[PDB]
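Residue numbers (PDB author numbering), protein chains in the order written: chain D, 4 to 512; chain C, 4 to 512; chain E, 4 to 512.
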Amino acid sequence: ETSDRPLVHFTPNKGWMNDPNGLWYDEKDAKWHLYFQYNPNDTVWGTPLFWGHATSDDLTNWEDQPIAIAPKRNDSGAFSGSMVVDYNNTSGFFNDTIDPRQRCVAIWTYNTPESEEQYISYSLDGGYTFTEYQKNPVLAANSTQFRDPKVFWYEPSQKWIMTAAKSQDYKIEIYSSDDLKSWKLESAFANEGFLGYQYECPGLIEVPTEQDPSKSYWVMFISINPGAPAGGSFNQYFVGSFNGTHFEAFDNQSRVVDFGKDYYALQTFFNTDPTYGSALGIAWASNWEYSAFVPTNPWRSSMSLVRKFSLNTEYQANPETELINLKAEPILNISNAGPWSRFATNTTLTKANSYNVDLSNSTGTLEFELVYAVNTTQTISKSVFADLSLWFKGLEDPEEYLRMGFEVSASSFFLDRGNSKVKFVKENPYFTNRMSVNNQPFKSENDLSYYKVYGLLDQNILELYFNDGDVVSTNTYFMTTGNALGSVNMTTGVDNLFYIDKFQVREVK
Amino acid sequence: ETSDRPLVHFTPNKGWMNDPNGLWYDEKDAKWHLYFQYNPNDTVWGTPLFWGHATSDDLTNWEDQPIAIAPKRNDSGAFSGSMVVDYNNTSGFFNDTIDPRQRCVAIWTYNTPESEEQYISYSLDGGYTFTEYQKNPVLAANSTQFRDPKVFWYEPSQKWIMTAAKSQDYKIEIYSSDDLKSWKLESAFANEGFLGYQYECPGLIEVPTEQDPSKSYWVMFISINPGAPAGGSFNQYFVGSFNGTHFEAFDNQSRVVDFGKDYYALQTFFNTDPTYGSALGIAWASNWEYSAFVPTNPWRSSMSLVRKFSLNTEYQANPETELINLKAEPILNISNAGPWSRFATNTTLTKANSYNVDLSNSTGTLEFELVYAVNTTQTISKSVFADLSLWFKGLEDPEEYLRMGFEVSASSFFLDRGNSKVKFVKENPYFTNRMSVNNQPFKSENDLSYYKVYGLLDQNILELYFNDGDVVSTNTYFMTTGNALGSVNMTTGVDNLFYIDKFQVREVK
Amino acid sequence: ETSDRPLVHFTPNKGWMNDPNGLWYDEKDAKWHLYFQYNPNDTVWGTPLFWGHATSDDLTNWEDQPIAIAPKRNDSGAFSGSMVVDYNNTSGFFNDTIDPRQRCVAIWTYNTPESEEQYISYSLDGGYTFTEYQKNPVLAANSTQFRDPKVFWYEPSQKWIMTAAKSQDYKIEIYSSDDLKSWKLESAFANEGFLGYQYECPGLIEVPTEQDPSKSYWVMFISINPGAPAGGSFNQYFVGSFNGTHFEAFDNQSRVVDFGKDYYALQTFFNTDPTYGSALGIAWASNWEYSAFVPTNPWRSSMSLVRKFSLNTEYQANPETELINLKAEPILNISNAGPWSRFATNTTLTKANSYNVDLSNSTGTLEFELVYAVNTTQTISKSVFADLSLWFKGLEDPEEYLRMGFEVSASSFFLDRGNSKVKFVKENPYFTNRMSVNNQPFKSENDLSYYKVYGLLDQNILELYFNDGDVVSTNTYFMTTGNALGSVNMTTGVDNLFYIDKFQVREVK
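Have a look at this one:
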């Protein structure tokens with residue numbers, strides 16, 4: 004008996020999924036390639052571990068493909084890694100029969116009980132079938148904690164640059180090779196923090212500055228688990244500069260990619276179709292603490308949406324200073340949807356009365372657009388919970404719902420993914436019920452502070468996009484199967500504080 | 004109608020409390036001094052805001068004292084700050100009638116709607132009554148975000164050193180004076196991260212190294228709120244060196260003081276009785292997200308226990324590398340307690356059978372000592388929740404309980420402070436139900452991994468001390484008043500994995 | 004609706020059982036032989052009465068065998084008796100073909116509605132089928148009721164010595180023979196403290212001493228019944244002197260074998276495997292006052308465990324001058340060894356709180372080991388119950404439990420086998436539910452008196468061994484079919500009187 008399956012997030016047909024792998028794009032075929040850590044046998048993690056494969060041409064709708072990479076041994080696994088396109092046959096695997104735009108090279112960690120090493124594989128049919136390089140490994144550091152190779156092309160020095168993690172040494176080593184079969188250690192960075200327990204899935208990418216597309220700075224992605232500050236797993240980032248060997252963040256500073264409880268092992272694509280325009284990144288939407296116990300069958304784990312990255316240099320972190328902040332915008336080919344439903348368009352909503360639209364047969368996947376404004380001046384008020392709340396109740400059974408909104412005194416956007424049923428939510432001591440975000444206004448008109456929120460609910464996953472992706476939160480939710488969360492309710496406490504500029508909901512497929 | 008009041012944690016008699024202030028110790032009188040942010044009028048935060056005052060001689064039992072500092076204005080408040088003892092009358096406030104050991108100088112932020120500035124006050128009776136310095140401020144930087152002055156004596160340069168926060172500038176400025184009334188900006192630090200929204204309550208102290216006392220390194224404490232990674236508030240630290248003007252952390256790295264949801268605005272004492280031996284620090288046990296809505300009357304907010312700080316250079320952060328980790332050990336004059344109750348002393352538990360002791364009339368305050376061991380080799384096991392769980396059920400009403408323990412697959416120590424009632428716990432979208440810690444073993448006997456946990460329950464608060472304070476977690480809990488959590492139950496999954504070396508419980512007053 | 008059936012005590016296949024018969028050991032095939040009074044038709048006592056047969060090589064796990072001795076008449080019965088191994092062919096039966104240590108001769112009573120004679124029978128297949136002696140009986144008359152013949156070899160006088168019960172004349176007669184076919188009357192026994200009481204199942208064996216296993220004393224076992232008004236069925240012993248014709252009881256050397264209510268008709272083995280080393284004895288674990296009404300189906304009656312008897316010449320306790328004391332240790336071979344579950348060890352018990360191990364899937368056969376000390380110091384002891392109590396309950400339904408423990412004021416170990424919903428416990432007025440034992444401390448170091456007690460629970464039978472067998476108590480108990488005293492609990496009155504050195508429970512199969 005199956006569960007409710009996300010409609011616009013990728014899940015495997017059956018079995019177990021984690022880290023996204025070998026992300027790249029086929030220019031001549033117009034196909035996006037998604038590879039992933041995959042265990043087809045059980046519905047939890049286990050060895051042998053494979054590279055699953057799925058293709059799309061809009062990043063919202065997927066086609067299953069045969070297993071891409073396998074370990075020689077049952078003991079072992081074909082762990083995480085990335086892909087590159089060798090246009091100029093620098094590896095020497097590709098004839099003139101193989102299109103330059105189609106020259107796939109997978110770089111991956113072969114984890115065996117004895118050691119973790121780096122292997123490479125090539126494809127002659129456009130990234131569906133892969134053969135190992137005859138003399139693998141292409142990098143061994145005599146270690147059991149050496150994995151997750153992400154590699155890009157650096158024009159100036161004419162090299163492939165690999166950023167890989169010396170996991171439990173809290174070190175991310177940078178290697179270089181023109182050949183791609185021979186790797187030279189260039190630098191190590193470093194002890195960045197938060198450390199936790201391990202450095203996993205590192206990434207290094209030029210991210211175009213917002214407002215000046217022409218400019219861009221370098222971003223370092225590190226994911227850590229266990230030992231995240233919120234508990235378990237999470238993805239951090241650094242903004243700085245890359246010279247060809249060393250990376251330096253503009254300042255000593257930690258920042259998180261996603262504030263939600265379920266967003267890990269983010270990898271960016273090697274190339275894009277722009278249009279969309281790199282940087283583009285996807286992540287595994289879960290948390291290692293309880294990822295193996297979520298109530299889904301015959302599969303476990305969904306990916307997040309692919310997100311367009313950009314750097315916002317003028318992000319008002321608070322009302323005094325501005326910081327260079329990572330902006331993540333959603334990629335979603337809506338396909339066929341509508342119509343909108345709306346509420347308190349241009350009204351100041353009051354405690355006594357509350358709004359509702361219930362979409363009597365929503366598939367359980369819907370999106371909403373909300374722009375609210377706090378009074379700011381003045382209204383005072385404390386000791387009274389000053390919230391604007393959205394309730395996604397219903398639909399076969401309300402009282403089973405997720406609550407979210409903003410409270411003025413806390414200055415944070417909350418989510419309540421308890422309530423309920425699904426004993427797993429009621430019993431699993433790692434499945435957090437509540438988290439906040441601390442989103443900031445985007446403008447201030449005449450004494451009203453304007454905040455905006457875009458959100459997408461897809462059966463078992465919720466993504467919130469504050470100020471068009473200036474802040475993001477990704478959390479999974481589990482309701483009592485077959486329906487629905489179609490009863491959409493707005494509520495407030497405090498007769499005169501929140502102003503609804505705009506609120507819209509619609510079903511999405 | 005009153006609530007259940009913590010027996011060995013400080014709470015105000017009535018009203019509202021937050022940040023601990025002006026911590027110092029009277030050598031000739033043998034009295035510890037605790038000051039705190041205090042609103043005597045309402046049971047939430049509000050201006051006028053005062054410095055409350057309480058004294059102890061064992062740090063576990065307190066005596067209430069009259070309000071120590073007040074703002075001139077109702078608009079205003081006497082915000083956070085620290086105290087120093089001016090043995091050599093460098094301020095010139097003290098006659099030869101006033102004992103050197105008793106020469107109190109309070110340094111505090113006078114917050115007014117127009118600006119935040121630094122004031123000083125002196126005491127002629129041993130820190131009970133305080134008079135302002137005639138020419139306050141002693142430091143103004145033309146700002147509304149400039150507060151929380153912590154000051155210490157630096158022998159080498161013969162100066163008072165003030166570390167204070169330029170809150171929303173993410174800057175912690177270091178000032179110097181030999182006078183205490185004329186301050187000179189020496190350096191700024193910096194953009195350390197996690198930034199969040201603000202830098203609050205900075206602290207700078209020499210913390211003696213564990214294993215070798217003779218050595219010590221400098222620690223920088225920064226607390227931030229809102230915008231903590233786990234949501235809301237939290238306290239971070241940096242380990243490094245202080246030259247007299249600038250501070251540098253040994254590496255660029257973030258680390259958290261307390262992983263629990265309720266531990267903020269930590270200030271260390273200016274001096275101690277050693278015996279106890281500085282560094283010693285206390286903190287406000289709550290989280291700004293929901294601190295004003297907790298169900299207690301006629302007071303709100305408890306402090307944490309005072310903790311003896313030490314640096315552990317050889318802390319096994321993971322099985323490969325060691326890090327310089329902050330160690331926090333509890334200060335608790337047990338007073339009169341016992342006897343112990345014990346369980347599976349030197350046995351390996353099995354899922355079939357479970358242990359229980361219910362202390363039929365526990366006051367609701369008790370401590371426990373647990374040393375467990377994972378089998379490690381091998382037992383494999385996955386897809387099965389592999390936990391050792393403690394249940395503090397009962398006592399008038401079980402089914403209302405807090406659960407905690409360790410799960411092998413997650414490698415983290417969990418806490419479940421839901422279950423239940425207490426409408427605030429069931430309803431308040433900021434009161435997190437669950438958090439983990441990711442504690443590490445202290446030793447491995449052949450094919451086993453030994454972990455230790457000390458915990459103290461005090462009516463509404465729980466402190467966990469992993470490996471004698473190598474890792475700490477502070478979380479408040481609210482059960483249905485009058486009783487009790489006296490039903491202590493141990494439980495396991497997977498028949499043969501956990502080995503109980505030791506487990507003891509006893510009532511504490 | 005078969006009922007719960009003891010796992011380590013012998014019970015018949017089906018039907019009624021009582022007095023154990025013809026106990027001996029086959030040295031060639033390493034097999035213990037147990038015979039018993041048997042009615043395979045009805046589930047109560049009746050004629051024809053047979054000799055049931057069962058074998059074992061560890062005295063714990065048994066094997067059903069065909070009926071060994073049968074009466075010639077359905078009118079009559081083949082009553083109680085013993086067996087001998089005739090190595091030296093002194094009987095006149097037995098070819099050179101039959102192995103010396105395999106030449107068993109049964110001596111038994113052939114009770115008829117008309118007469119009561121003494122028959123002997125030989126076996127040629129090592130005690131599985133028996134043939135009667137052709138010139139039976141071997142004893143003519145009168146016979147005033149004459150039964151329960153126990154026969155043994157005597158080296159000095161080179162004779163078979165037979166001890167038999169003369170119920171009508173309140174005596175025990177001793178007979179001699181070398182042929183085994185013709186017996187001469189020699190003496191009689193004895194006090195006489197109980198006359199009017201019926202003498203049954205007598206036995207005469209040399210019992211080795213503790214501290215010197217080389218020495219031994221003659222011990223005369225008598226089963227005395229009854230007087231319901233009087234204490235009721237009890238198994239008695241006399242330490243004394245046997246010259247070869249007469250038995251001398253040492254005045255004041257006489258105690259009951261087992262202090263329980265369900266231990267009767269004791270017979271010792273004729274020969275043993277040492278290893279275990281004779282004296283070894285087994286008893287019918289029931290009581291004539293109600294044995295025919297116990298709720299077991301399709302069988303009635305279990306035997307007890309086989310016990311290794313030894314004399315403890317140094318006993319004291321009372322501080323009154325010491326006397327020779329009989330101590331019986333259990334013979335029990337464990338198949339499913341481990342694992343122990345324990346309570347509070349090295350600990351002082353307080354009234355306010357209790358201990359619990361909940362053995363969820365125990366069959367109802369478990370063993371326990373308790374070592375407690377009573378604090379003589381002061382603890383004056385007002386007139387209130389000063390108990391240490393063990394409780395067994397559920398599992399399916401508690402409120403159906405058996406209680407036992409030590410009460411200081413009364414200086415005895417009580418047992419309350421009441422508290423059952425079973426009809427024959429509520430209804431049967433001769434089934435007493437409460438007994439106390441009066442165990443004595445083994446060690447009196449400091450101000451604490453140390454007591455040891457081992458106990459085995461087997462579905463319907465409980466056996467308590469105090470100080471490793473110095474005193475024993477055997478009582479059957481009946482609890483609603485299926486489930487099963489698994490909830491093991493410890494409770495006490497009086498806050499600071501009892502110190503638990505050791506308590507531990509374990510399942511036995």
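Think of the CB as a built atom: it goes at the ideal place given N, C-alpha and C, for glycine as much as any other residue.
* Within 10 angstroms of its Cβ, does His-12 (chain C) collect 16 or more other Cβ (buried), or is it exposed? -> buried
* To do: Go to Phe-97 (chain D), then tell me how far its alpha helix (DSSP H) extends in each direction, as first and last residue.
  => It is not in any alpha helix (DSSP H) - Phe-97 (chain D) carries neither H nor E in the DSSP assignment.
* Using a Cβ-Cβ distance under 7 Å, would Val-360 (chain C) count as near chain E? -> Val-360 (chain C) belongs to the set of residues whose beta carbon lies under 7 Å from a beta carbon in chain E.
* Can you find a C-beta in chain E that's less than 7 Å from the C-beta of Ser-363 (chain C)? -> yes
* To do: State buried or exposed for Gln-319 (chain E), treating a residue as buried only when at least 16 other CB atoms are found within 10 Å of its CB.
  => exposed
* May I ask you to list, following chain order, the residues of the stretch 333-345 of chain C that have a beta carbon less than 7 Å from some beta carbon of chain E? => Within the stretch 333-345 of chain C, the residues whose Cβ lies closer than 7 Å to some Cβ of chain E are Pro-342, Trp-343, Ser-344 and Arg-345, listed in chain order.
* **Meets three-Cβ-pair contact criterion under 8 Å: the stretch 87-98 of chain C and the stretch 46-62 of chain C** => Judged by Cβ distances under 8 Å, the stretch 87-98 of chain C makes no contact with the stretch 46-62 of chain C, as fewer than three pairs qualify.
* Using DSSP with H/G/I as helix, E/B as strand and the rest coil, what is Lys-184 (chain E)? -> coil
* C-beta contact flag for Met-223 (chain E) and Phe-241 (chain E) at 7 Å -> yes
* To do: Starting from the C-beta of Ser-476 (chain E), find all residues in its chain whose C-beta is less than 6 Å away, skip the five residues before and the five after it, and write them out in chain order.
  => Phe-262, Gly-263, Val-440 and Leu-467
* Asked: Does any residue of chain C bring its CB to less than 7 Å from the CB of residue 3 (chain E)?
  -> It is not possible to answer for residue 3 (chain E), since the shown part of chain E is limited to 4 through 512.
* Asked: Would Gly-196 (chain D) count as contacting chain C if we go by Cβ distances under 7 Å?
  -> yes
* If you follow the alpha helix (DSSP H) that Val-428 (chain C) is part of, which residue opens it and which one closes it? -> 426-430
* To do: Would you verify that the beta carbon of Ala-233 (chain C) is, or is not, closer than 7 Å to some beta carbon of chain D?
  => Closer than 7 Å: yes.
* **Residue interval of the beta strand (DSSP E) (run including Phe-481 (chain D))** => No beta strand (DSSP E) holds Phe-481 (chain D); DSSP gives it neither H nor E.
* Asked: Cβ atoms of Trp-221 (chain E) and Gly-196 (chain E): under 7 Å apart, would you say?
  -> no
* To do: Using DSSP bridges, identify the partner residues of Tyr-453 (chain E).
  => E:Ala-376 and E:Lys-446
* Asked: chain C beta carbons: is any one of them nearer than 7 Å to that of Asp-450 (chain D)?
  -> no
* Asked: Is there a Cβ from chain C that is less than 7 Å from the Cβ of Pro-432 (chain D)?
  -> yes
* Out of curiosity, what's the CA-to-CA distance linking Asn-42 (chain D) and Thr-63 (chain D)? -> 23 Å
* To do: Would you kindly report the start and end of the unbroken beta strand (DSSP E) that includes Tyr-41 (chain D)?
  => Where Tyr-41 (chain D) is concerned, the enclosing beta strand (DSSP E) stretches over 34-42.
* To do: Starting from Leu-500 (chain C), follow the beta strand (DSSP E) in both directions and report where the run begins and ends.
  => No beta strand (DSSP E) holds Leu-500 (chain C); DSSP gives it neither H nor E.
* Could you round the C-beta distance between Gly-489 (chain E) and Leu-398 (chain E) to whole angstroms and report it? I think they count as a contact, below 8 Å. => 4 Å
* Grouping DSSP H, G and I as helix and E and B as strand, with all else coil, what is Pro-103 (chain D)? -> helix
* Would you mind working out which of D:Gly-199, D:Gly-84 and D:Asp-128 sits nearest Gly-206 (chain D), comparing C-alpha positions? => Here the closest residue by C-alpha is D:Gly-84.
* Check the Cβ of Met-438 (chain C) against every Cβ in chain D and list those closer than 7 Å, keeping chain order. => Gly-234
* To do: Kindly indicate which residue of D:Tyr-157, D:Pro-432 and D:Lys-138 has the alpha-carbon position closest to the one of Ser-294 (chain D).
  => D:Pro-432
* Along chain D, in chain order, which residues have C-beta atoms closer than 9 Å to that of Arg-406 (chain C)? -> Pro-432
* **Under the three-state DSSP convention, the category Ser-344 (chain D) falls into** => Three-state DSSP puts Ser-344 (chain D) in a strand.
* To do: List the residues of chain C that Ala-57 (chain E) touches, going by C-beta distances under 8 Å, in chain order.
  => Correct list: empty, because the minimum Cβ distance to chain C is about 32 Å.
* Asked: Roughly how many angstroms lie between the CA atoms of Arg-303 (chain E) and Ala-268 (chain E), to the nearest whole one?
  -> 16 Å
* Between the stretch 331-338 of chain D and the stretch 357-368 of chain D, do three or more beta carbon pairs fall short of 8 Å? -> no
* Asked: Is the shortest distance between the beta-carbon of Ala-168 (chain E) and the beta-carbons of chain C less than 7 Å?
  -> For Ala-168 (chain E), the answer is no, since every Cβ of chain C falls outside 7 Å of its Cβ.
* **Span of the beta strand (DSSP E), counted from its first residue to its last, around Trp-65 (chain E)** => Element bounds for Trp-65 (chain E): n/a, residue is neither H nor E.
* To do: Answer yes or no: does any C-beta atom of chain E fall closer than 7 Å to that of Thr-348 (chain C)?
  => yes
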